[PDB]
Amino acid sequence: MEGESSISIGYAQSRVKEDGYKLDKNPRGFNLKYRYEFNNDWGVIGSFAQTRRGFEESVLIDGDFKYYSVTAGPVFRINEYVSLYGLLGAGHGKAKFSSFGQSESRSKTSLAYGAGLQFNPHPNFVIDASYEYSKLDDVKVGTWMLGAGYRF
C-alpha cells in the first residue's frame, strides 16, 4: 500500500555465454532489492546484484569472473498478493585469466534489463523473484534472483 517499503535479500545465479565457448553456469552471489510504493498501485524498485566465480581449490590457466548491476524501475501492484516490475540500469562484468606468471583481464559496462515479481503471502512479508540480462560486447550474462524480506 501507499507509503510502504519492502526490503529483500536473495540468491543470485548467473549463466554466462559467449558464442564459440561453453556456457558457464557457475557464477553465484546475492541480490538486494528495495521497493517503495507511492500509492496503492504504483511504486519504484531498485536492485543491486553481484555474482562471481573465483579461485576454487580443485583436484595451467585459471579464471576469475565478477558481475554486478544496479537497476531500477516501476512496480505495479496487481492485488494484495502480487506485483510485477520492469527494471533498467547498468551491468558491469570483469574476467581475468592467469597462469605461470602471466595474466590478462577485460571489463565492460553495458545496459542491464530486468523483469520480476513480488509476492506478499502476508502483508508484511516479501518473496521476490526476477531475471536480468546484460550483453557485454560478445559476452551475454543472464541472472536469476530469488529473495525474501519484509514490508513495512
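Numbering starts at 1 and follows the sequence shown.
S.K.: Between residue 99 and residue 100, how many residues of the deposited sequence have no coordinates in this entry: none, 1 to 3, 4 to 9, or 10 or more?
M.R.: Count of unmodelled residues in between: 1 to 3.
S.K.: Quick one: say whether 48 to 56 or 85 to 93 has the higher mean Cα B-factor in the deposited entry.
M.R.: Taking the mean B-factor of the alpha carbons in each, 48 to 56 is higher.
S.K.: Once you work out the mean C-alpha B-factor for both 104 to 112 and 39 to 47 from the entry, which is higher?
M.R.: The recorded data point to 104 to 112.
S.K.: Can you tell me which third, lowest, middle or highest, the CA B-factor of residue 126 falls into for its chain?
M.R.: Its C-alpha B-factor belongs to the middle third of this chain's values.
S.K.: Taking the entry's C-alpha B-factors for this chain, is residue 65 in the lowest, middle or highest third?
M.R.: For residue 65, the deposited C-alpha B-factor lands in the highest third.
S.K.: Among the modelled residues of its chain, does the C-alpha B-factor of residue 145 lie in the lowest, middle or highest third?
M.R.: Lowest third.
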